[PDB]
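**Q** Can you read through this structure? Questions will come right after.
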Amino acid sequence: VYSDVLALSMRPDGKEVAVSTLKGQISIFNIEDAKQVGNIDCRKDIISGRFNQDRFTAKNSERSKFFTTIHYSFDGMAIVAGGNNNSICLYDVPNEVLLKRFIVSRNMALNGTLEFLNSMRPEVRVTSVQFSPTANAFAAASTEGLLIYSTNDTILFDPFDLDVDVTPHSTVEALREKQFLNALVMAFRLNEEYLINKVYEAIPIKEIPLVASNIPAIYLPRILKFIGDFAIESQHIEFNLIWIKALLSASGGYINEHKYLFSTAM
Amino acid sequence: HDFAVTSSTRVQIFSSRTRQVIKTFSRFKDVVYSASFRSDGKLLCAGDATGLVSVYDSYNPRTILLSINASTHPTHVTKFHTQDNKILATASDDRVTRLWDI
Amino acid sequence: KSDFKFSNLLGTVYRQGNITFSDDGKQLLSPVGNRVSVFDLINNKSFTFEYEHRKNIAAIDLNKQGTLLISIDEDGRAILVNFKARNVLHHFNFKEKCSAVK
Amino acid sequence: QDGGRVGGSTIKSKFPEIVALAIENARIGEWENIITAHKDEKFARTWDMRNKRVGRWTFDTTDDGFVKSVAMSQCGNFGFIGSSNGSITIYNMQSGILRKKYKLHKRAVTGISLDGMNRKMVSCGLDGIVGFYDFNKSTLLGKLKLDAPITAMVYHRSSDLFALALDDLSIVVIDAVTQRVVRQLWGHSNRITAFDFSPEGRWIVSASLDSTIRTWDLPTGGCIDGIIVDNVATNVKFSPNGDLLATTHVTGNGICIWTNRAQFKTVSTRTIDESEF
Amino acid sequence: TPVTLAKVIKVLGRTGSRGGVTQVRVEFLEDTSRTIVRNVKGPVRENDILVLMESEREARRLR
Amino acid sequence: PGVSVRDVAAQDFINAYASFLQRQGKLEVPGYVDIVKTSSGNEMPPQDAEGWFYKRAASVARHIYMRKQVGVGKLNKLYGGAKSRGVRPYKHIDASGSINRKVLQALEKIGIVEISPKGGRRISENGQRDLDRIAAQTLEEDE
Amino acid sequence: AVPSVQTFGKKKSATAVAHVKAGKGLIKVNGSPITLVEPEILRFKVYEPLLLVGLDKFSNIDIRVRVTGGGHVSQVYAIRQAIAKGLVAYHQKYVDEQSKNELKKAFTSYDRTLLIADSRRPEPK
Amino acid sequence: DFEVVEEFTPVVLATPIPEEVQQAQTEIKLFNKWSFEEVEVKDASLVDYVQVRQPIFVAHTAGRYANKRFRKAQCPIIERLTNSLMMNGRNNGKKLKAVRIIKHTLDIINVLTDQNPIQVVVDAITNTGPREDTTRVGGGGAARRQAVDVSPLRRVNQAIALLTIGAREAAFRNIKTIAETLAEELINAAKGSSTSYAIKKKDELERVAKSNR
RNA sequence: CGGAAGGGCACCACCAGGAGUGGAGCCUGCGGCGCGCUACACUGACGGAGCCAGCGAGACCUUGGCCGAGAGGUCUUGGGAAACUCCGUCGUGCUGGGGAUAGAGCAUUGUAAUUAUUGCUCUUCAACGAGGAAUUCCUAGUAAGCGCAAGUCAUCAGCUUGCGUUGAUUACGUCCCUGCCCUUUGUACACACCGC
């Protein structure tokens, strides 16, 4: 590489490495070809911090202009990065951009927290980051402890392949007229937790196997993941277990052939 | 812009603006008899007095791109096809004409 | 998929200042350096408030009716927040270093 | 930078009124991060925020058409200038230089947006055609054609959903990934002036010359709220935190601000548009 | 002659086979079910395609 | 707009200038050009005996002008290739200083070059101008 | 003064200093136009960066390359490396780093040794 | 319909750049003379081993293809051919001369058959790679031959080796030269003429395998 | 003392290929054995043209000038290699690949015996037509090709050792053979595995 690598991580499938160097560029290599698939600059999207005992600015110093910790996501598509700086930056591999940037702490007691001072000591730094193997949250171990960001709110309208006639009222009407498969598909197309929950607990046992047979392969992963994240803290055990058994029975070969796609789900 | 002339054991390529000996062919043993270009203007074919014609690309005398053995009698006339790109015709002292594919 | 909220803080279950119990007695509020951690005892869970302060929290208090939370750092900077939604309502500035709130 | 002359008037007078505007924060203090498209001007200006000054880049259209629309990319490096003649020029902001040029509309381009991923770009003009381009490559993914002329476009990059305010008094919500109309909001009795998405992407607030401000719940596709204001609202936006509504009316120098009770609690979603009205 | 294609699925190690020759299990490309244990000579790795003049025969060890 | 052999190729320029010198005629070639050997390491005289002397003269002019001043010994060092002593391995052999000096004297008599202090052989101004003229000629030779 | 950047390319034992300045768009090597590199089969091996990235950039940029040491092949590889590095350095210093990254991506996609040397350090078993 | 304008001032350079150079810009060819598109491997099981995907100007990449086990499979096929060509006592270490030979050979292939030199090369390789072969089972002294299959990389290696040795053998002591003899070899191999050394040898190997399978 | 079972490693083994010696000439170490260098040509030879290195720093080198085909000599100054590449000639014939040897001529070196050595030139054109039996060596800037420089206490001057240049094909697996080596009290510490 062009300069001192100092952090490394590896695609969960096991084909690529992502290495952060001291210029602050996250290069990404393909292993078997030993070649460079692509790199992501990071120099400008880093909010360093000024020091009260410094003589210079918080921009023109390379105090923490690089990332000492990298980690992938478990779809292999995203990267979390953190360093001695004040920022935790979330990039994504395949298109070489940043999705998000969090600021670790606003606390002027901690040293590198002021960008412009208002007219030895505890500094702020992220010593190591990781995603979660449930891929709904990630943790960053920093000077102030183990911060844990999560998505378990899901207050967000993130629909998928909608169409004009897919509405919550239409889903309820589907339930009343007993096309449980159609109701579940429309529930996911809307992609809203409460509607998913309602239809899921609505459909009956003597018909679960038919639905599990007829769910489309696009929605196998989303349904598996939802069932898992619901069955942790839900009390309807054999409801969830009949569901999972029916799912595996109806579609097992597909999951075996694309194990890497159903990783977090399984 | 160019034309080929037969002579004693020698085939000469001349230009049009310059009208000078542009290319030299002397890899024959005896005097040549016929010279003909192809429709594509790359291959010139020469019928010699050995009964084996030599066809090769223009502007590359240092290659005998093809040496086709006709009858033992010396070959007289050799021509390309016009419409076709890859057929040749020859006539020798054997009173028989030969059609040849590359 | 690309949205994350600060949902928890692990380590440092208590850093400085007042510790309090909730009305129902089911929840313990602790001040961590900037933020406030809530430990829900009967359901065995934890939680941490999204908002931060500017310096270390110096005192906390919970309204008896279990609605409001005042929290003051070391310079009168006080933030008054709601629970049943977990949002910051206002933030006022008591100019001298507070010592206790009730 | 060349150190050459600027040829113009010796006395100072301010720019024409600012018609369109776009701004990003991803690279503040490093170069310009605001484009303003001025009224009846054949080029847009750059503005720098942290310096609070006008930057050193002017963005022409190279088509002799006024700048009807501008936009700017989430990475903060690209600014787009959509003419009144269909020329969609794409400029690089650090060096204020020209990088690309697109030509699909023959009427005035009235809205540009580029995904929060810098992959797809959507354009919408008065002639009634919407053009889905790729931006990483330089091809055309698709080209839809609605009924009436498009007035304006608001893009929500979290969910890849953008809404076009039309002339037959409708909003049309179209999603970029699958390239087709998902929702069609009817109800405004008059020209639609401004509209905007919720940070969570569940609501559209639309203000129209019937002195009305409505809020549509997208999932049910229905108006859950309608307010009759005295002065028509000439602009409307949310704060990135879904807790302030900033609106501007036709009279008064101010900017009215609104709090979000639905932020502090729940709100029923029952269509009530004609119900009140 | 009618030849057939196959995809290697697993190289079979620790079988005592003559140097240079290697055991291998293939599954036919045309129909994904049926699999044959063949021998190969060159360097071979998993998940590449290999040509059979015969389908019926199955390789044995080669001492 | 002002070119030079620095902008022209080597072989094309040498051939063109050699032809120009053939046509011009006044070069005063020596009488034994057709027997001389050009190197003790060579083993048969040059093939094109009619103008190889002119080709050598043109190459000398190119070398001097690419350089600035060169002696006959420097020319001999530059031109003299390696030999083949057979069963024993090879060793480096200088060129024909005699031919180099008839070339050099002929170029002085023509006026292409002028003499050079610190001892040496430099290019003359008129020769430089004519060299640029012929370089432009062979550049726009493409019509 | 004038914008100028200077880079080095290095094959086996060939060094190549590449000077880049804003100019009329000429590429000279050893005082001669680049169209006259020596081995004449590797003319395209050295033309690589220009046709990889386009030429209008070179139309605004002026380039000067001096080479010393190594053989024919090593010198050629040094030249191409020097040109590629110098071009990217200039685009980094005087124009947008957006185009810097596009250039670097295109170069590394085509052949990475355009940018980073292939230091063939040995291997003992 | 729709267009993208990328170049605005027509490109001029203070150093003259030949026109074939700007066409090479428009699309990379080989030797600036032949495109790689529509060059497909007419035989499955062997694509992803014979590589013509990524374009190349001259077959002189110095990439490290002998470190790991199948970087040969990642090499461009033409460079592999030229390297195999530059193989004999008096030939070692003249890659430039090998390149010249390959260039003249390609030109000659086009002149004789108009279609495409590189397509001809690829077709010849695919056609001439053997398909079965007999190892020498000692049997404890009863030396016999046993028929086994052959992996695609070995097929490619042997195809190239057969062609190269055939050309060198057929032009060792003969008025022909290596360039034209290689062209003849390649053309007849694409034909499957059975008059080429390569096809003859492949048939002999496969016949032996067929016999004592 | 012997046997069995299990596991590892190797260009003294398998497997794939490459390159040699052995034929001829030359040189020279061991006494017939063995090591170097030049050949058997067309991926060449020949002729013009193009030019790209690095190690090396204790009457001498020399830049430049004058003649001489060459070799060489004469007058003045101070203490940038080959293979390679571009065009041109040659063509398959022990021919132009190969230059042994022989003859003649031209200069240099010491010296005086018309002594010897060196270099150039002419003419003379031998063996050698790719090297049996065998046999050794070899996995990446590696085999092999090409030149240059120094002789730094041993060893080397028809040679040692450095440095630069050009740069591959085929394995990168396997214990099947040929060997060789290890183990047959888990000893240590969870889980699992194994169980004279």
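Going by Swiss-Prot, the residues shown for chain G are 3-127, listed in order.
Including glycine, each Cβ sits where the backbone N, Cα and C put it.
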**Q** Candidates are G:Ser76, G:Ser121; I want to know which one Swiss-Prot annotates as phosphoserine.
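**A** Looking at Swiss-Prot, the phosphoserine feature maps to G:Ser76.
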**Q** Looking at Swiss-Prot, which of G:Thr17, G:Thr70, G:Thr110 is flagged as phosphothreonine?
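**A** Looking at Swiss-Prot, the phosphothreonine feature maps to G:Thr70.
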**Q** If I look at Swiss-Prot, which residue among G:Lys23, G:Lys47 would I find recorded as ubiquitin cross-link?
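**A** Among G:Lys23, G:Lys47, the one Swiss-Prot marks as ubiquitin cross-link is G:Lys47.
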**Q** Could you let me know which of G:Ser15, G:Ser61 shows up in Swiss-Prot as phosphoserine?
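**A** The phosphoserine feature in Swiss-Prot corresponds to G:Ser61.
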**Q** In Swiss-Prot, which of these is labelled ubiquitin cross-link: G:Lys14, G:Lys59, G:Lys107?
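**A** Checking Swiss-Prot against G:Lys14, G:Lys59, G:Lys107, the ubiquitin cross-link entry points to G:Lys59.
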**Q** According to Swiss-Prot, ubiquitin cross-link sits on which of G:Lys13, G:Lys30, G:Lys106?
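**A** Record lookup, Swiss-Prot, feature ubiquitin cross-link, residue G:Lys30.
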**Q** Can you tell which of G:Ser34, G:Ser61, G:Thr70, G:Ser76 has the least company, meaning the fewest other C-beta atoms within 10 angstroms of its C-beta, among these modified residues?
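**A** Least crowded of the modified residues G:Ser34, G:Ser61, G:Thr70, G:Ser76, by Cβ count within 10 Å, is G:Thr70.
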**Q** What whole-number Å value do you get for the CA-CA distance of G:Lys59 (ubiquitin cross-link) and G:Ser76 (phosphoserine)?
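**A** Cα of G:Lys59 (ubiquitin cross-link) to Cα of G:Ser76 (phosphoserine) measures 26 Å after rounding.
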**Q** In sequence order, which same-chain residues at least six apart have a C-beta under 8 angstroms from G:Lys47 (ubiquitin cross-link)?
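**A** Non-local contacts for G:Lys47 (ubiquitin cross-link): G:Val78, G:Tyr79, G:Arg82.
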**Q** Which ones in the same chain are close to G:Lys30 (ubiquitin cross-link), with CB under 8 Å and 6+ residues apart in sequence?
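**A** Set apart from G:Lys30 (ubiquitin cross-link) by at least 6 residues yet with Cβ under 8 Å, we have G:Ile36, G:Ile65, G:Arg66, G:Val67.
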**Q** Tell me, how many other CB atoms lie within 10 A of the CB of G:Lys59 (ubiquitin cross-link), whichever protein chain they belong to?
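**A** Taking every protein chain into account, the count is 18.
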**Q** Going by Cβ pairs closer than 8 Å, show me which of the recorded positions G:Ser34, G:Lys47, G:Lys59, G:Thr70, G:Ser76 neighbour chain H.
**A** G:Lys47
**Q** If you compare CA-to-CA distances from G:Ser61 (phosphoserine) to each of the modified residues G:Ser34, G:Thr70, G:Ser76, which comes out shortest?
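**A** Looking at Cα distances from G:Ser61 (phosphoserine), the smallest one goes to G:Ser34.
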